[PDB]
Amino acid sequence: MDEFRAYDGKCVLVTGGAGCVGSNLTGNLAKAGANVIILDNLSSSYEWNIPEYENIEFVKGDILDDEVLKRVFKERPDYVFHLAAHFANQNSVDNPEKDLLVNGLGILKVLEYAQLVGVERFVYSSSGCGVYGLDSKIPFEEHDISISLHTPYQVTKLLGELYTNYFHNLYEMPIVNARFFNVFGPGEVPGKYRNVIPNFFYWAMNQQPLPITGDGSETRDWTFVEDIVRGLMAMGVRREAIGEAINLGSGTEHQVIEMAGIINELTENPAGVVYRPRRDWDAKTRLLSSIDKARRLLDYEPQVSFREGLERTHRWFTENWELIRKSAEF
């Protein structure tokens, strides 16, 4: 609160700033007095998702385009939050080159420009799916990484860390690698390549059965977007985060069948659940992070329960239902 007043009067660039995390993040930066610039190509998000503040400048463009990168970086951002990404697992399996260009060459370009102007922090949204392998012990600790991965998204999420660490090591760029665990909340529009919670909300609110890809006992560590954002904002300002990879998760597990049940309950869906095979790239029956490093370095602590998070997500759906129906990416 008093912490985040280091953003007041600062120029902050959020690539991917119109998505779920970005929209919530830009809103909070704007409240803290930052002059926020969003760069987003609207490939998975919509302009309507951006919160309306005088001190948010929205720039439609691509991180692969050197023209628009010069346009935003000539503003000389003090902070870059790099949230632009080709999302996610299936999308990357389907389109692995595109995935590499966006997540590999895209971050590299953004880093190169960041080096040219100098930044106080470069905070990259990495992934807990992209680094903890079948041999990593649950709950996942940041040192315990694998290079044996199951999708090109996992590959390129780790690649982004390879690049931020490089720029830290050779050029002393103050980077932070935030390993997000299954983010959910207001601001993720549903669609073919999107996450399960918004799709389950969307299907349940059309009274369709929720398709479970597995037996339902698979777990995730679902982290509410507002928790993620408080994590990110601490990462921008705490010296101790510099050069570190840090999990941002809830630190608790929930079963897919529980999550489906809550969503059916909240939406008064009568159609229940149907079972489908496990997706072939999905080797993870469990994901669970250890958030002790984030507590230590950032005084991070999740504040929003799984249930409260689902309820908030539901409210977002009901309040923007027709817009979500127009916008859904199936």
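Residues carry their position along the shown sequence, with the first being 1.
Stretches compared: 252-260, 100-108. Higher mean C-alpha B-factor in the entry: 252-260. In this entry, the higher average B-factor at the C-alpha atoms falls on 137-145, of the pair 217-225 and 137-145. Per the deposited record, the Cα B-factor of residue 132 falls in the highest third when ranked against the other modelled residues of its chain. Sorting the modelled residues of the chain by their CA temperature factor places residue 268 in the middle third. Compared with the other modelled residues of the chain, the Cα B-factor recorded for residue 280 ranks in the highest third. In the PDB entry, a CA B factor belonging to the highest third of its chain's modelled residues is recorded for residue 236.
Sorting the modelled residues of the chain by their CA temperature factor places residue 9 in the highest third.
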